[PDB]
């Protein structure tokens, strides 16, 4: 449950990502793989231009989720099935990705990525992660 101010804040973060999905997503994956090498097993194909492609897909889906905070479970249902049932992504990986995403955004946006924006963004992404992991057995 995001407040109106929090929804405005995550829209502001997204406006700073739009157009950079591939580059920011590739850097997110690189940071995740280096700081948490256990995550590399999920991406044997990516383990450099293929990084840009997957990064683009991933962050484009994040942008779509911003437009659907009120019905995230319905809108993300295919992606939830994919991560929980088909890919079998251990839910513990999702906080590692979210923390890594904050670092990449801070590196590019510096003080434009304010602590208020980070709090809202973290709440939003934690909710996305719940949807993408709750079907995991």
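Positions refer to the first chain, counted from 1.
- The modelled chain breaks after residue 47 and resumes at residue 48, leaving 4 to 9 residues of the deposited sequence without coordinates.
- The stretch 70-78 shows the higher mean C-alpha B-factor when 106-114 is compared against 70-78 in the entry.
- Just going by the entry, 18-26 versus 5-13 on mean CA temperature factor gives the higher value to 5-13.
- The PDB entry gives the largest Cα B-factor of the residues 53, 34, 99, 38 to 38.
- Per the deposited record, the Cα B-factor of residue 86 falls in the highest third when ranked against the other modelled residues of its chain.
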